[PDB]
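K.L.:
need a 3D model of the sequence below.
(chains A, B, C, D, E, F, G, H, I and J, ligands or ions: 2)
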Amino acid sequence: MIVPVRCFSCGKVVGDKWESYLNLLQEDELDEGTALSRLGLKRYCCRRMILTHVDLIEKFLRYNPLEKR
Amino acid sequence: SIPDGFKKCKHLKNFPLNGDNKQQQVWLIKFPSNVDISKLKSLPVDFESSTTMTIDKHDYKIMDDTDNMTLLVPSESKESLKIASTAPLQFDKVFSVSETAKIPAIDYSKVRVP
Amino acid sequence: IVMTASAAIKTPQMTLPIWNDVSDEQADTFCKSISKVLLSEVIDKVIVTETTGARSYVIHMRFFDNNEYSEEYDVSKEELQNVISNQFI
Amino acid sequence: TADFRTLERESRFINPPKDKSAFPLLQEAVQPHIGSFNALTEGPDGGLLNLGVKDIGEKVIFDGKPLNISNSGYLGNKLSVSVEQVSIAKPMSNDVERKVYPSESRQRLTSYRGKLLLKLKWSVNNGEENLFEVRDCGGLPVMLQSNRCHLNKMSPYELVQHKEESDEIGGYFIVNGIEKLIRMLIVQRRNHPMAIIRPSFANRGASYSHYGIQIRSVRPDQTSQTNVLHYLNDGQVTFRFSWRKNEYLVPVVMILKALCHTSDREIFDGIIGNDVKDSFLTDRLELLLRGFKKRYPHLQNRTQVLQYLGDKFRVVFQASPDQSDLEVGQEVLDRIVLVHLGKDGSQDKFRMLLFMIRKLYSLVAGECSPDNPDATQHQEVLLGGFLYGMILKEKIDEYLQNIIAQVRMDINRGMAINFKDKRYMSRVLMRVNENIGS
Amino acid sequence: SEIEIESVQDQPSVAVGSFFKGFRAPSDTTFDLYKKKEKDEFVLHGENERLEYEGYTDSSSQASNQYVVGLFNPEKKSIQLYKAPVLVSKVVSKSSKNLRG
Amino acid sequence: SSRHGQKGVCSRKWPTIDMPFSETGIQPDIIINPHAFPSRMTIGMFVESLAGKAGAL
Amino acid sequence: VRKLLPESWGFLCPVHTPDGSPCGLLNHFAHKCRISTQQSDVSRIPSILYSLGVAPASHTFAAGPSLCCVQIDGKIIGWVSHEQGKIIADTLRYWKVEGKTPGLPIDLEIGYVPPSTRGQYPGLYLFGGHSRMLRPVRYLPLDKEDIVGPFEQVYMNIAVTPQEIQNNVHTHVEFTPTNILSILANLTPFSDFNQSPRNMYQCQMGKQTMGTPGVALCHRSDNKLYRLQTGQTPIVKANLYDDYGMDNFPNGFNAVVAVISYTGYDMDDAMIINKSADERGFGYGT
Amino acid sequence: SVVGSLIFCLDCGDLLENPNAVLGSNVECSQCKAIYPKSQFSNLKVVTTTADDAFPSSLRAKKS
Amino acid sequence: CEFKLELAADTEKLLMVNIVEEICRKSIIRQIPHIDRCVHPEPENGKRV
RNA sequence: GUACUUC
Ligand SMILES: [Zn+2]
Ligand SMILES: [Zn+2]
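P.N.:
Numbers count the residues shown, from 1 in each chain, chains lettered A, B, ... in the order given. Ligands and ions are numbered 1, 2, ... in the order given. Here you go:
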């Protein structure tokens, strides 16, 4: 659902490189290897932490009972 | 007058039948509706069934069968039918034409890939 | 055995020891003599031509040859004929 | 090297496609359920339930009033009734009509309830006139992604606007605010003789063998009845029927030569006849026909055979009184013996039934290995929605049974004026129950 | 052995009938045959002192099937295609008209 | 439990205060016993740990 | 009935089955198997059958295993010679896969059976009514998509992968041999590198997880629910995880596994979790 | 015709009863009376043979 | 072994292979009480049984 | 009462 900040095993500040990672995939054409490492992620657990996220919050936000449609 | 159909029989044809004691016998085959009953002029007769006809579609095979059914012979018009009997009248080898479409086979060049 | 009120069982079993002078080539003789053989197991085929003309029946019962049925199932005419005349009929 | 999707996944998370949704395999996963309940509306003849009430039979009853030996013979006029049309169209509600939503349906803690319209073809005196009438029979519960719910041809983006799932699956009922699913049912092969060797036939069969072969016909509306054939050590062979809670043993002859005219060598000719060498055919066939002539020597043609069938089975299906043995006999017959051939199927019905019993002789002669009631050789799968339609067809006739019982109950207490009045049709139509939805 | 065809027609007059196996063919009474003209459908009936003929021609599926017949001698060795409408029949009797009220 | 069939119940919640640490810095959050493979034979977890190691390395 | 049979190959999954009493009772359908839910109105199956050379039903007058009884669904048309059944057994295959035949539906059941070994009554079966099951399969001659049912694979042999295919003793090939697995089994990576007692033991686990039921929470009124928040998609996965949109429903997560007996608090059936992981919300759900 | 131990009739299309269970040299049909029989049917003979299926033994296994 | 039997016209049709098969599986050449088959097995631990 | 699940 939400971006898991402060990875349980590593502990790095990881809840900030999400939108930066998305921008690297949007208008930079860099692949997963050199871009995810360029963010500043060097340990194994922090590599899989950001890479595995599913960001299901977009599906959890398409239903608002306080707004017409 | 059962049933209430269209029209009773009025036209007949005479069959030249001698009844020889080598012997003039009947010839019946089986064929579908989409056939060449009018545009075909030749048909090869052979031994135990192994043959093939050659027309536009070109997939046929004349089958034979050894092993009943009575056939009426209209000797004249007023009765339009008789009973075929020599001593009724049996048969020997009924014909049934089939359509053996040649199945394209054995291409073991693209399915067997390293 | 424990609870079903043990009675005549599907496959009854009994073990019989033997002396030291008897041999295996003599034990099989008692095996064939004691082993009960069905009367129907000495027939090749059962062909019968039922006639009518007053019902009439004829029964022709093919058997094996002497070396087959008499050497395999140790029976002969003095027992096979007595059972086919006193029990089968 | 199957790299996962992040840009495509982010795009489909931002907005679903306005066109046909992606990954259609998930939509095809419920093709059995969606296609099953949707089959009763599409196709010819209005679907399953429409052709079912088409081939449902017409039932009549008399009254206690005279007209004016033959005068006293006629005991009363004829009133006719039969279910002509049945149709579910669309769920709606009111205080014009307004449209309901499934999300609001389970939020209301109720079931998704539409409405069912019934069209009655009321007749009198063999069609002298018809009192047309249409009455609703409550609401019919419908699942999602069906022909009744509005989620059939709705875009997935509009599904998000309707408080639904972006990839909604559907195909499951909802009742009393909780969801619910109909379990798929397992049956055996349809329209195929099944060989079975089971000692259970010896329990209910007094001195009968363990052989057996069965046939499960199927009507066009998928309702069926099981017709099996046993084996008799004496030499004969008998069917068994299946009614409410009753079994009917019957010899093969009195129902084989009773459909139409077949009493000739066509029976023995239908038997294997390439060679007359083996006599296992002769002893069984002669003993079978001898077992038919020894019982009733005055039964030779299908007419009198059908008279005896209608006579013994006159008061079993409640077909009375004007339906004589020649009507009730053919009626119960075509409904009891391999109904899958349908009406006018007597042209080759003897050929299919003879092939069934001849496979029994081939099963007892010892050249056909028995099948298995649990193997996938004869594994059929009722998708649940078809069973739901069969329950509808079955539990609709109870209204017909209740209105004919209401008429024959009102005729007991008298004071039943002629039924040619519309207000009399109404006063007799309100006494019968009409809530099928519950 | 290729062979040619000589005789063709447009209206049939011959018929093959299937009653059962082993018909002694008494041949003592002429039975009538009613025709039609869909296409390729015929019927026939007859009457006797204990027998009545009743035969139809595959009313279910006959319009998509046709049989022919011919003849050949050792000198001729050729056949003549003649339309033979096949017919299945069932010998009927009269033991009707009995019913219980 | 995983997708390979092996199951397990949480015995006692224990922090990184005494668990074996790696030379890199990562702390193993969950620990499974190697004494189940002789009988349960869940080597799928072995081949998928190497595959998962490369799939995340 | 509890035990399975090899005839269930590719029809019902031999892997998805619970433990205990429901063993062998309930086992859902295959992966890509189809179910014909309507009768295709053909009215031409006999129109091409007896035209191919099949004798009619009213003028055959035979029986026994020496003749192949061709059986349409419900209706019969007659029996022919066994050699005719052999040629028709492959002729109907070619005309079925060929698209120029308007009178032959793709979802047509066709079966052939030899008469030897005292098998059941031979013939030529034809079906396709309701309650009928299908599954995809590839036909080698003029390679094209095809489907079979519960009677085809009984007699005629199939090839699972284009490496065991050999000459003139095969008729059909399978595209991906994992289509026999279920949704849980095919999603399980390297299901071939485990045991069947582990596949039945895990079938209940995957079918008892605590994943996301669907994004309808604020508009659902069912009795009880469960929801996680650390839903992560597995790194290793099959192409069906994406083909089924399973990414839309995250059910678990990924953690580092350390195979080691250092804990001592576990013996071949227990587990231990990091307190720091629980502080981050290791499998935190409500 | 005549097949096995039973003779059929064509004038009414059915089969007749046993000439021994009823009076001899004169038998009738079941639905209509006809001039019958000619009292020259046949000498009735028929053959039955066991298919050798339910006869298991050790020598039946060695003959294979 | 061939034997011929006669019978009157009271019964018309009977089963031959069945009524003979029953008696074929009911006649016993020699009746040894409560035993039908014996086997000479292999001696276990030198104890011939 | 009917169905479902835990070793
Ligand atoms: Zn980390
Ligand atoms: Zn007669």
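
K.L.:
please make it C-alpha for all contacts and neighbour counts, starting now.
P.N.:
OK.

K.L.:
quick one: contacts for the nearest residue to residue C:52 once chain neighbours are set aside?
P.N.:
Using C-alpha to C-alpha, 6 or more residues apart in numbering or on different chains and skipping residues adjacent in sequence, the residue nearest residue C:52 is residue H:44, 5.0 Å away. Residues in contact with residue H:44, defined by C-alpha atoms under 8 Å, 6 or more residues apart in numbering or on different chains, are C:51, C:52, C:53, H:4, H:5.

K.L.:
switch the cut-off to 7 Å
P.N.:
Contacts for residue H:44 were tallied using C-alpha atoms under 7 Å, 6 or more residues apart in numbering or on different chains; they are C:51, C:52, C:53, H:5.

K.L.:
all the helices of chain C, in order from the start?
P.N.:
Along chain C, the segments classed as helices by DSSP state H run C:24-34, C:66-72, C:77-86.

K.L.:
who does the longest one touch, helix- and strand-wise?
P.N.:
Read that as helix C:24-34. Of the remaining helices and strands, none touches helix C:24-34 by 3 or more C-alpha pairs under 7 Å, 6 or more residues apart in numbering or on different chains; DSSP states H and E.

K.L.:
so how many other residues sit close to residue D:21?
P.N.:
Here the number of neighbours of residue D:21 (other C-alpha atoms under 10 Å in any protein chain shown) works out to 15.

K.L.:
OK, contacts around it?
P.N.:
Per C-alpha under 7 Å, 6+ apart, neighbours of residue D:21: residue D:156.

K.L.:
what does the one 5 residues further on give?
P.N.:
With contact set as C-alpha under 7 Å, 6+ apart, residue D:26 has these partners: residue G:244.

K.L.:
that one sits in which helix or strand?
P.N.:
Using DSSP states H and E, residue D:26 sits within helix D:24-29.

K.L.:
so how far is residue A:26 from the most centrally placed residue in chain B?
P.N.:
Per C-alpha atoms, centre = their mean, the C-alpha nearest to the average position across chain B is that of residue B:29, at 1.0 Å. Note on residue B:29: its distance to residue A:26, by C-alpha to C-alpha, to the nearest Å, is 75 Å.

K.L.:
residue D:294 too?
P.N.:
Distance of residue D:294 to residue A:26, given as C-alpha to C-alpha: 93 Å.

K.L.:
what does residue A:55 give?
P.N.:
Relative to residue A:26, and taking C-alpha to C-alpha, residue A:55 is found at 16 Å.

K.L.:
comparing the two, which residue is more hemmed in?
P.N.:
residue A:55 (19 against 11).

K.L.:
before we move on, back to that, check contacts around the residue nearest to the centre of chain B.
P.N.:
B:94, B:95, B:96, B:97, E:67, E:68.

K.L.:
now residue D:389
P.N.:
residue D:49.

K.L.:
next SSE downstream of whichever strand or helix holds it?
P.N.:
Residue D:389 is part of helix D:385-394 when elements are defined by DSSP H and E. The first helix or strand that comes after helix D:385-394 along the chain, using DSSP H and E, is helix D:397-410.

K.L.:
and that following helix, which residues are buried?
P.N.:
D:399, D:400, D:403, D:404, D:406, D:407, D:408 (16 or more other C-alpha atoms under 10 Å in any protein chain shown).

K.L.:
now chain B against chain H: closest residue?
P.N.:
residue B:68 (11.7 Å; C-alpha to the nearest C-alpha).

K.L.:
residues near that residue, how many?
P.N.:
Considering only other C-alpha under 10 Å, residue B:68 is surrounded by 17 other residues.

K.L.:
any idea which element residue E:29 lies in?
P.N.:
Residue-wise, residue E:29 maps onto no helix or strand under DSSP H and E.

K.L.:
excluding chain neighbours, what is closest to it?
P.N.:
Residue E:29's closest residue in space is residue E:48 (C-alpha to C-alpha, 6+ apart), at 7.3 Å.

K.L.:
next secondary structure after the helix holding residue D:26?
P.N.:
Downstream of helix D:24-29, the first helix or strand assigned by DSSP H and E is helix D:31-38.

K.L.:
does that next one reach chain G?
P.N.:
Yes: against chain G, helix D:31-38 shows contacts by C-alpha under 7 Å from any C-alpha of the partner chain at D:32, D:35, D:36.

K.L.:
mind giving me the packing neighbours of that helix?
P.N.:
helix D:385-394.

K.L.:
what about 10 Å?
P.N.:
Helix D:31-38 sits against helix D:24-29, strand D:380-382, helix D:385-394, strand G:34-36, with contacts defined as 3 or more C-alpha pairs under 10 Å, 6 or more residues apart in numbering or on different chains; DSSP states H and E.

K.L.:
now for residue C:25, how many residues are close by?
P.N.:
Neighbour count for residue C:25, taken as other C-alpha under 10 Å: 8.

K.L.:
do the same with residue F:54
P.N.:
Residue F:54 has 10 neighbours, counted by other C-alpha under 10 Å.

K.L.:
in which helix or strand would I find it?
P.N.:
Using DSSP H and E, the element containing residue F:54 is helix F:44-56.

K.L.:
off-centre distance for the helix holding residue D:26?
P.N.:
Taking C-alpha atoms, centre = their mean, to the nearest Å, the mean C-alpha location of helix D:24-29 is offset from the chain mean by 30 Å.

K.L.:
which bits of chain B sit near chain D?
P.N.:
Applying C-alpha under 10 Å from any C-alpha of the partner chain, we find that chain B lies next to chain D at residue B:67.

K.L.:
and the spatially closest residue to residue B:94 that is not a sequence neighbour, how many neighbours does it have?
P.N.:
Sequence neighbours aside, residue B:65 is the residue nearest to residue B:94 in space, at 5.3 Å (criterion: C-alpha to C-alpha, 6+ apart). Other residues within reach of residue B:65 by the criterion other C-alpha under 10 Å amount to 12.

K.L.:
ok, now which ones touch residue B:65?
P.N.:
Shown in contact with residue B:65 (C-alpha atoms under 10 Å, 6 or more residues apart in numbering or on different chains): B:48, B:49, B:92, B:93, B:94, B:95, B:96, G:81.

K.L.:
ok, residue D:63 next?
P.N.:
Shown in contact with residue D:63 (C-alpha under 10 Å, 6+ apart): D:75-79, D:407-408, D:410-412, D:414, D:416-419.

K.L.:
list buried members of the residues you listed by neighbour count.
P.N.:
Buried members of those, counted by 16+ other C-alpha under 10 Å: D:77, D:78, D:79, D:407, D:408, D:411, D:419.

K.L.:
quick one: contacts for the spatially closest residue to residue H:56 that is not a sequence neighbour?
P.N.:
Spatial nearest neighbour of residue H:56, chain neighbours left out: residue C:41 (7.3 Å); criterion: C-alpha to C-alpha, 6+ apart. Residue C:41 is in contact with C:63, C:64, C:69, C:73, H:55, H:56, H:57, H:58, H:59, H:60, I:24, I:25, counting by C-alpha under 10 Å, 6+ apart.

K.L.:
just to check, the second one is in contact with residue C:75?
P.N.:
No: in this structure, residue C:64 is not within contact of residue C:75 by C-alpha atoms under 10 Å, at 11.8 Å.

K.L.:
ok, the two, which is more surrounded?
P.N.:
Applying other C-alpha under 10 Å to residue C:64 and residue C:75 shows that residue C:75 carries more neighbours, namely 18 against 13.

K.L.:
name the nearest residue to that one, sequence neighbours excluded.
P.N.:
Using C-alpha to C-alpha, 6+ apart, the closest residue to residue C:75 is residue C:69 (6.9 Å).

K.L.:
distance of the one you found relative to residue C:78?
P.N.:
14 Å.
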